[PDB]
Structure formats: structure tokens, C-alpha cells
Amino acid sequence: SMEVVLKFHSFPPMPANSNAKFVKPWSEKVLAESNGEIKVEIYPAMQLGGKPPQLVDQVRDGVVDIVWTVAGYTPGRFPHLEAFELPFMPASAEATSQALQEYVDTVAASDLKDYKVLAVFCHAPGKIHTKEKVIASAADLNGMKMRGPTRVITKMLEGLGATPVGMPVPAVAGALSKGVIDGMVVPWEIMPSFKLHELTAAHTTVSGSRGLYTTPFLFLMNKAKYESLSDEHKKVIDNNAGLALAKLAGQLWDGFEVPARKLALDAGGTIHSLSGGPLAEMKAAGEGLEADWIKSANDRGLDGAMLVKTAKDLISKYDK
């Protein structure tokens, strides 16, 4: 078919895993499999204009052709996906990403009907990071200004006793430097791209079969652009989309934690693992946060209880 240039836009800098170790090799596969005809240009760090929450508008409206972003950077826009952000929901990124994609293919499809879905997936369960205070129980969060990535995660931080603050991840280092936050939740993998492991010395994770939280990522193409592709080009995109891509992305995100955690240790960090009483206290707060979310979903016309159960059951299905 005729040559096609696709403009990819996203917010992390080029060395970040989502660019260098996900979209870049994805684009290389698409180029080779299309006989050199589908050419994806990668614009990291918002190099085509706008702020991170605008990525979904840009891709929806055809300003750009493909984006990678965090769904909750636009609060309430993808309400079904919030169920996957609830406390102690996630297993590995591989299992939870497959669950997310099947969820979007089925009961959550209306959230993404205005887009071509390449994949919906997530990071390995996030960890708790602070400048210097070890977080050994929820009480250690008292008086701590803690960043989360979305409204659901800031509500969790509120429920655990922290003073909650929201912002996209590129803002976190400056906020730490200015003293306006004391710490944040993120997976390990995103930290080195912004030197966040040099700005936080204390790190806490959770033991057991479910991690603290995750947040859904969206890898989306403009719907009209996809539909305008030749059938041979659609075949290439679809070979590089769907459940198999979500699984692959989840696998990759589980792996990305390992070198980033090592960098955090090499920078002098501590790693503390919650179990027993301290963990059970957080899980009890989580149950109340699930109930709060179900009410909010019901108020927005969704069967909140059904969606929470579906998310848990899909994660269990793939956590093997």
C-alpha cells in the first residue's frame, strides 16, 4: 500500500521505558511487517504541544495519530477503568494487564468507543517513596504530602492517612525539590527517567499476592486514521494490538521493575516490606475505599459492584 506516516505523542522523555522499550520496538515491528510502509514518528516529552492530560483529546480528535498515556490523568473520563485502581486490586502487570484488556473488550468497551484501542495495560504494583521517612505503617503517612497519579489513587492516599496531592509524573521531581510534596507512589520503573530514586531514599512495598495499587495505561490510535488504513496495513496494526499486546506489555512492565529497583538501591535506598498487622490495616482501609468507589460508580450510571467483582475475577483468571 501507499506509505503512511503516523505521529506518536507522549509525555515521558525518550529514555523512559514506555518510549525506548515499548513504543520504539513496537514501531520497528510495525515498520518491518508493513514492508517499510507504516512509519511511526515518536515525539516524547510533549514535543508536539500541550500538557499530559491533553493526549487523549489529541488522539481522539486527530491532532496526533497514536498516544501512550495514563487514563486517570483526565479524571472521570474513563470511569470503568477506575475499578482497576482500587487498593490491593493488582497482581503482576502481566496478569492485571490481560484482565484490563479483556475488561475493555467486554464490559468496559464504552470508555474507549471513540478510539482505536491498541492495548490497555498497567504497571507492576506501585510502591511508596519518601524523601527520608520509612513507611512501616499507615500512621507513618500522617503529615506527609504524598503524590498520586489519579483521583482514585489520591483517594487511597487520603484513606491511608496521607495529605494527598495529584500531578502527572514529570512534575514530581520539581515538587519534591520545592518541598511541596514529601513523597509519592509510583512503580520502580518510571523513577530513573526523572531521577526520582535519587530524590527519595525510603521505599516501601507490600508482600503477598496483591500489590498496593496500579493505574491503567492507554495505548490508543485515532479511530478515523485506523479506519482509513488499507486492509493490509490494518492487519499489521492488529498483529501488534489486542490481548496479546496487553499481555506482552504487562510482561515487559514486570521486568522493568528489576533494573530500576537496583538503581534505587545503588543510590542508597532502603526497601521495607509490609506484612502482618501493618499490611492488614491498609487492606481494611482498602475495603472501605472499594465501598466508596462502588457508590460513586453507581451515581455515574455504572453497576459498581459488578465491575469490582469482574475486575477481581479477571485478575484471578490470568494470575497463573
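In this text, residue numbers run from 1 along the sequence as written.
The PDB entry records a higher mean C-alpha B factor for 171 to 179 than for its counterpart among 171 to 179 and 84 to 92. When the two stretches 23 to 31 and 277 to 285 are set side by side, the higher mean Cα temperature factor goes to 277 to 285. Taking only the listed residues 208, 216, 187, 79, the entry reports the highest CA temperature factor at 208.
The PDB entry assigns its highest CA temperature factor, among 147, 123, 133, 247, to 133. Residue 154 sits in the middle third of its chain by CA B factor, as recorded in the PDB entry. Ranked within its chain, residue 197 lands in the lowest third, by CA B factor from the PDB record. In the PDB entry, residue 118 places in the middle third of its chain by CA B-factor.
Annotation for residue 267: C-alpha temperature factor in the highest third relative to the rest of the modelled chain, per the entry. Split the chain's modelled residues into thirds by C-alpha temperature factor. Residue 225 is in the middle one.
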